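Okay, here we've got a single chain as C-alpha cells, the form deposited in one PDB entry, with questions on binding and movement later.
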C-alpha cells in the first residue's frame, strides 16, 4: 500500500507516519527529514537546499524528484510524507510508481486551521541526537533531554511556509480528488484521535 500524507506544515504528518510505520509496517519517506540530513552533512544537495528551507520556500522540484528516486523502495508499504508538494512533483511520483509497477492507493489530507498549526510549529522541538520530535505543550521532552528549535520553525518562516502551502501545494487537493483517491483526516484532534482516523481510512 502506497500512502501520501498531504497537508500544511505542523499538521502532524510526521508524527502519524512514524507511528503507522512502526505499528502497521510501512517505510516512511520524509522529504523534510532527508533534506535536513543533507544540510547537516553538507552535501551538494544540502548546500543548495539550505537557502530555500531556512526561508520557508520550497526546494526546487528537480532536486526533490532526485531525492525521492534515491530513496524509493522496490515495492510494498510506503508513506510519502511531505511529498509531493507541487503538481510537477505529483506527476513525477506517478511516473516513478508506474516504472516500479505501483500506484498511489490513498492520499490522506490532514485538514487543520492555520492557528492550530502555528502553535504546533512554534512549540515544536527536536532532540538533535535521536531526532525525536517533541512539543513544549503537547509532548514535552523529559527531564535531561536537550532539544532545539528548527530554524524554519521561527514565526516569519512559519508564515511563509503556510503561504507557500496555500499557493503551490493546496492545488494537489483537487489533483487527487479528480483521481478519486483523496481522503480527508481531521488533523486538529489529539494524536490518538488522528491516528484512529488514519487507520479507519486505510483499514
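Residues that one form lacks are left out of the comparison. Note that the rigid core is defined as the largest set of C-alphas that superpose within 1.5 Å between two forms. Positions refer to the first chain, counted from 1.
What comes next is about the form deposited in another entry, which does not appear here.
A.B. asks: Using a superposition on the rigid core, decide whether the Cα position of residue 121 changes by 2 angstroms or more between this form and the one not shown.
C.D. replies: Yes; residue 121 is a residue whose C-alpha shifts (by 2 Å or more) between this form and the one not shown when the cores are overlaid.
A.B. asks: Can a Cα shift of no less than 2 Å be assigned to residue 27 between this form and the one not shown, given superposition on the rigid core?
C.D. replies: After core superposition, the C-alpha of residue 27 moves less than 2 Å between this form and the one not shown.
A.B. asks: Any chance the CA of residue 154 moves 2 angstroms or more between this form and the one not shown, core superposed?
C.D. replies: Yes, the C-alpha position differs by at least 2 Å between this form and the one not shown.
A.B. asks: Mind listing the moving segments between this form and the one not shown, meaning three or more residues in a row, each Cα shifted 2 angstroms or more, core aligned?
C.D. replies: The segments that shift (3 or more residues, C-alpha shift of 2 Å or more) are 31-76, 117-164.
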